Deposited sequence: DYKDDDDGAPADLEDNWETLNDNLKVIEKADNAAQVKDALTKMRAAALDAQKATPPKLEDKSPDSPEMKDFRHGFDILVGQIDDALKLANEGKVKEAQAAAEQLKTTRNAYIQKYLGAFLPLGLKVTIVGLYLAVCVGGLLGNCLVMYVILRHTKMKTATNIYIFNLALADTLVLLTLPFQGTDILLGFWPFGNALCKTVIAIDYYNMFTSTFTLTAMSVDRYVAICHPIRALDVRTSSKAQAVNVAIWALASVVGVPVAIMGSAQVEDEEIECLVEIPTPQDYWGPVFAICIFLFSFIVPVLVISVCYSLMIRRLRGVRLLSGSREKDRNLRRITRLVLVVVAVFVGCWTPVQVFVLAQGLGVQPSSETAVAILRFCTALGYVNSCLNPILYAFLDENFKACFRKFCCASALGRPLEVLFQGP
């Protein structure tokens, strides 16, 4: 209703201001402030960049929720949709890259450099483009019934392609990346078992454990924020459509929840990363 969507939009504004502030801070700290351009932090920079873009979309989506239609036209319609998908894919792919980096650090403790991680970020945005660009072409703001709206157009017959795109996007933007991550940390367990102050100098081992913890928590927070949406959107692809005030409300709030993940990221760095913790204040 009117007041409940006022809640949604106010939530967006909060996530928008705090998220842009935090992620811009992080990007600044890594970029110029210090030669702390480590592999993990270059990947973190990638995350903050994607968060920045989607955060920039939050005000526009907010007005759409209020008015009940899209009053910004096709250009910004395709721009927004593109950013959204780019966000999901670059996020999961970057998290996977961080997890593989951690695993290599444990297996080969005795050659990871910012230049290679920068290259990985490039490849991440290229694959993301494989889905980001087509959706931008497909997405449009059209007046199907009663009102104009921004939507991604599913080809005819929708009953076939809907499930196709639903299952494929579900697997490849979510299940498979998370799956790889699971393999990485499980293998790290097998290797780590029975090792105390092993495969390193004392001081370094402690730092490695701290970074591994950080990556793990970031993954956990992300998966926790986007799993409800992922399941619901999958169900929507299969034809399962919400048709009650409560159903719509639940959906709106779970979508919001994922956007909250965008702003959550700098706080996690501030509490679980010593360098960042020093840099805030």
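Unmodelled regions of the deposited chain sequence (numbering from residue 1, in sequence order): 1-120, 231-234, 406-424.
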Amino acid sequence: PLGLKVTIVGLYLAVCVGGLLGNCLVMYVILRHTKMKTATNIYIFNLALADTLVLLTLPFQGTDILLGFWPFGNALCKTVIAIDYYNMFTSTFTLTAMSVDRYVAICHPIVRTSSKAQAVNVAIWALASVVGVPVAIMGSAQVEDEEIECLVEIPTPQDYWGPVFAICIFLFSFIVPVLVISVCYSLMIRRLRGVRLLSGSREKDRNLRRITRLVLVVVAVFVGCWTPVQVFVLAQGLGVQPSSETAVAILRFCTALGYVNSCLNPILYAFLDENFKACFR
From here on, numbers count along this sequence of modelled residues.
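Of the two segments, 194-202 and 158-166, the one listed with the higher mean B-factor is 194-202 (C-alpha atoms only). 179-187 and 203-211 differ in mean CA B-factor, and the higher of the two is recorded for 203-211. Across 173, 114, 87, 79, the greatest Cα temperature factor reported in the deposited entry is at 114. When the Cα B-factors of 34, 57, 227, 255 are read from the PDB record, 34 comes out highest. Residue 70 sits in the middle third of its chain by CA B factor, as recorded in the PDB entry. Sort the chain's modelled residues by C-alpha temperature factor and residue 13 lands in the middle third, per the entry. Among the modelled residues of its chain, residue 101 has a C-alpha B-factor that falls in the lowest third, as given in the PDB entry. Per-chain ranking of the deposited C-alpha B factor places residue 44 in the lowest third. When the CA B factors of the chain's modelled residues are split into thirds, the value for residue 246 lands in the highest one.
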